[PDB]
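# Residue-level structure breakdown
Here are the chains, one letter per residue:
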Amino acid sequence: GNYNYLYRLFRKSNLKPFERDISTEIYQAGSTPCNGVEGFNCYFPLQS
Amino acid sequence: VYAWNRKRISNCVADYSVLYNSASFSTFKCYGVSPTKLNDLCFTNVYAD
């Protein structure tokens, strides 16, 4: 399995056309804010 | 697990925000729809297994 290729499935807004997003910031799913720590309702925005 | 109970929920305003934001659940994952869009989408029938 080649897991070196990544894609983003978590983002709070749809992209403007011809945009390139390299944000590593943890997506906040729940109401509780995520202070850079992932877990429950705090997920990594990239999937392999 | 072999014989689970099936409860039908319909004709209401189903608020899933409490279940989504509740910390008493060990996991809460949705497959066909977004978990944060349950309060905006509408379904014909809901069955609770």
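Residues numbered from 1 in each chain as written, not as in the entry; some residues may be left out. Chains lettered and ligands numbered in written order. Part of a larger assembly, values for the part shown. Heavy atoms only, no water. Residues with missing side-chain atoms left out of burial classes, pairs and counts.

Naming follows the PDB entry, where chain B appears as Spike glycoprotein of Severe acute respiratory syndrome coronavirus 2.

Chain A goes by Spike glycoprotein in the PDB entry, where it is assigned to Severe acute respiratory syndrome coronavirus 2.

Quick look at the overall build of chain A now. A count of helices and strands for chain A gives zero helices and four strands. Each helix and strand of chain A, ordered N terminal to C terminal, gives the series β-β-β-β. Overall size of chain A, expressed as C-alpha extent along the three principal axes, is 30 × 30 × 15 Å. Buried residues in chain A amount to 12% of all 48 residues. In chain A, of all internal contacts separated by at least 6 residues, the share reaching a separation of at least 24 is 33%. For chain A, the exposed area adds up to about 4,300 Å²; of that, 53% sits on carbon and sulfur atoms. (Helix = DSSP H or I, 4+ residues; strand = E, 2+ residues; numbered from the N terminus. Buried < 20%, exposed > 50% of the residue type's maximum accessible area, 1.4 Å probe, protein only. Contact = heavy atoms within 4.5 Å. Areas by Shrake-Rupley, 256 points an atom, 1.4 Å probe, with all protein chains shown as cover.)

Here we take up the overall build of chain B. Secondary structure summary: chain B contains one helix and two strands in total. Ordered by position from N to C terminus, the α and β elements of chain B give β-α-β.

Let us now look at the pattern of salt bridges. All names here are of chain A. Put simply, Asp21 and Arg8 hold a salt bridge, and the shortest N to O gap is 3.0 Å. On the criterion of sequence distance, the pair formed by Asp21 in the loop between β1 (7-8) and β2 (27-28) and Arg8 in strand β1 is long-range, its members being 13 residues apart. Close ionic contact of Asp21 with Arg11 constitutes a salt bridge, the shortest N to O distance being 2.5 Å. Remark: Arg11 occurs in the loop between β1 and β2 and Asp21 occurs in the loop between β1 and β2; sequence separation between them is 10 residues. Bridged by salt links that share partners, the residues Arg8, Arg11 and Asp21 form one connected network. (Salt bridge = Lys/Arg side-chain N within 4 Å of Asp/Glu carboxyl O.)

This part takes up the state of the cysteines. At a sulfur-sulfur separation of 2.0 Å, the disulfide partner of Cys34 of chain A is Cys42 of chain A. Negative torsions about the S-S bond denote left-handed disulfides, and the value of about -85 degrees found for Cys34 of chain A with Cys42 of chain A makes this one left-handed. Of all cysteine sulfurs in the structure, the one in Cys42 of chain B sits closest to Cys12 of chain B, which takes part in no disulfide; the separation is 8.9 Å. (Disulfide = S-S within 2.5 Å.)

The subject of this paragraph is unusual backbone geometry. Across residues other than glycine, the phi torsion is negative in most instances, and most of the peptide bonds are trans. Backbone geometry at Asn41 of chain A places phi at a positive 60 degrees, although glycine is not the residue there. Structurally, the position occupied by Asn41 of chain A is in the loop between β2 and β3 (42-43). Backbone geometry at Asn11 of chain B places phi at a positive 60 degrees, although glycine is not the residue there. Examined against the element boundaries, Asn11 of chain B turns out to sit in the loop between β1 (7-9) and α1 (17-21).

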